[PDB]
Each structure stands twice: as structure tokens, then as C-alpha cells.
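A single chain comes next, written as C-alpha cells; it is the form solved without the named molecule.
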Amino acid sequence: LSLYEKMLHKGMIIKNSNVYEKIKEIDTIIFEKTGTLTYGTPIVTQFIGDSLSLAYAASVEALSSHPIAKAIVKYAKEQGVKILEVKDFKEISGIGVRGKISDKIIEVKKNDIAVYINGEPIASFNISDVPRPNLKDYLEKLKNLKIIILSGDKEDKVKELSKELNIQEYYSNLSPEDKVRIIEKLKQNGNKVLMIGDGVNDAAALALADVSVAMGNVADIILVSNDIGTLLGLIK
């Protein structure tokens, strides 16, 4: 058939056949918490504030394509509130959004998210990543090979996910640049490192991985399917 076509069938897009046997020569596996071990879109785990505030925040968040923004919009919609007309929308990706509704200035910006109305913090959200099911693939590889979780998220969130999925080595509160330095150090130390990430917020780290995998949500392997199990199946 052809390696390239066989891999597509399994929802992997490969860049070079070399990545193939290179898989066997690697010894370290690194996961990005967000998007790989968890779904690409987080959920609202709690909202504190009144329903008008909720409608205001969702109405502004409805103009962003950020996953946190989508988590907030979905939660508000499940609560039954309707989207309101916003003017003067402004966004700074991943950090905050702003807009005007009913003569009032609303800001939603990085509990995890505060809602301001005319300068005053009046509501907030806790949002969390949702883990992907399938937990045995991990042990299998822990058999055959060291696993590491990296994340720009806070200690307690990262640790807790490490706890659930049963992963020992993990680093938290990392900037993209922290991750890149970690890869280089592993490679300096002699490790052949395969990394799985979102493909953007950690593109430099991937670019340095011995073999890099991007989620479907440049890299050596693109997981169109977002099927990590099948990737870990292959590796294992």
C-alpha cells in the first residue's frame, strides 16, 4: 500500500518514513497536559456571580475562538441565557476580551477568570481541562521509556492530572521557552525524545523534539484523528 497511506488509515499524517524507525530509537515521551492528555476544549467547573453577569461575559466571549471563550459560551448557553449584542469588541488572545453592552463596559480576563463591569470585578469562573479516557496505554509504555508531562498550568492542576493518569515526572507553570530549554537539556543528556503537543503554544519545543507529534486540534506526525491511544498503541 505505502507507509504514507497505511498511516493515514490509522489517522496519522507522516512527514518522512524516517520518523518510522526513529520511533524505535527514542526513549523519552513527553506530553503537553493541555490538548493531548485532555480534550482541546476546557469546561467551566464553577461560576460565581449573578445570571446577568453570566450573560454579559458569554456575550463578549462569543466573539472569540479561544477554547476558554468557547467553554464559557457553552456553559452560559446550557444555563439558558441568550447572547446579547456587543459593540467595540477587543481581544488579546489567551489573556482577555472586552466589549460594550447596554452602555456598560465588560471585560473577561485571566479562580481562573474574572468578569469586570465598568472596572469592578463582579463574577468569576473556575475552568478546567477534561482528561481523555484510556489509561492502560500508559502502563504498557511505562513497561517498554520515561514519560513526562509539561504544562503552562498551575502546580495543583498539573499534579492532580499526574495523580489520576499515574505519572511521576511532570513540570508546571512552564512558558513555551521553559519547555524548549527542557527539550534541549534532555537531548543534551542523550535522550531521544518524542513529544506530543498542540502544535502552536509549544511549536518550538516540538521543533526540537527528536520526533514530534502535533494534534489535529511542520511536526513529524500529525494526529488528524486526535487518537492518542492509537499513537501510544503504535509506540508500545
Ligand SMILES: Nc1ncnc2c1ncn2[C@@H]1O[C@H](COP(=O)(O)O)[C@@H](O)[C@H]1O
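Residue numbers run from 1 along the displayed sequence.
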Between neighbours residue 164 and residue 163, residues that the deposited sequence lists but the model omits: none
Unresolved deposited residues in the interval that joins residue 217 and residue 218: 4 to 9
Mean C-alpha B-factor comparison - 114-122 and 93-101, higher one: 93-101
Mean C-alpha temperature factor, higher of 54-62 and 179-187: 179-187
Residue, from 34, 168, 172, 45, that the PDB entry assigns the highest Cα B-factor: 168
From 88, 129, 78, 137, residue of greatest CA B-factor: 137
CA B-factor placement of residue 23, once the chain's modelled residues are sorted into thirds: highest
Lowest, middle or highest third - CA B-factor, residue 200: highest
Among modelled residues of the same chain, the CA temperature factor third for residue 16: highest
Among modelled residues of the same chain, the CA temperature factor third for residue 232: middle
Position of residue 145 among the chain's modelled residues by C-alpha B-factor, lowest, middle or highest third: highest
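Note that the form deposited with the named molecule bound isn't included here; everything after this is about it.
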Pocket accessibility after superposing the named molecule in the bound PDB entry (3+ atoms within 2.4 Å of backbone/C-beta): blocked
Proximity of residue 68 to the named molecule in the bound PDB entry, heavy atoms at 4.5 Å: yes
Interface membership of residue 96, the named molecule in the bound PDB entry, 4.5 Å heavy atom rule: yes
Contact of residue 115 with the named molecule in the bound PDB entry (heavy atom, 4.5 Å): no
Proximity of residue 59 to the named molecule in the bound PDB entry, heavy atoms at 4.5 Å: no
Option touching the named molecule, based on a heavy atom within 4.5 Å in the bound PDB entry, out of 28, 64, 53, 172: 64
Contact residue in the bound PDB entry, chosen from 110, 104, 82, 163 - any heavy atom within 4.5 Å of the named molecule: 110
Residue stretch of 88-96, 74-82, 116-124, 133-141 approaching the named molecule in the bound PDB entry, non-hydrogen atom distance within 4.5 Å: 88-96
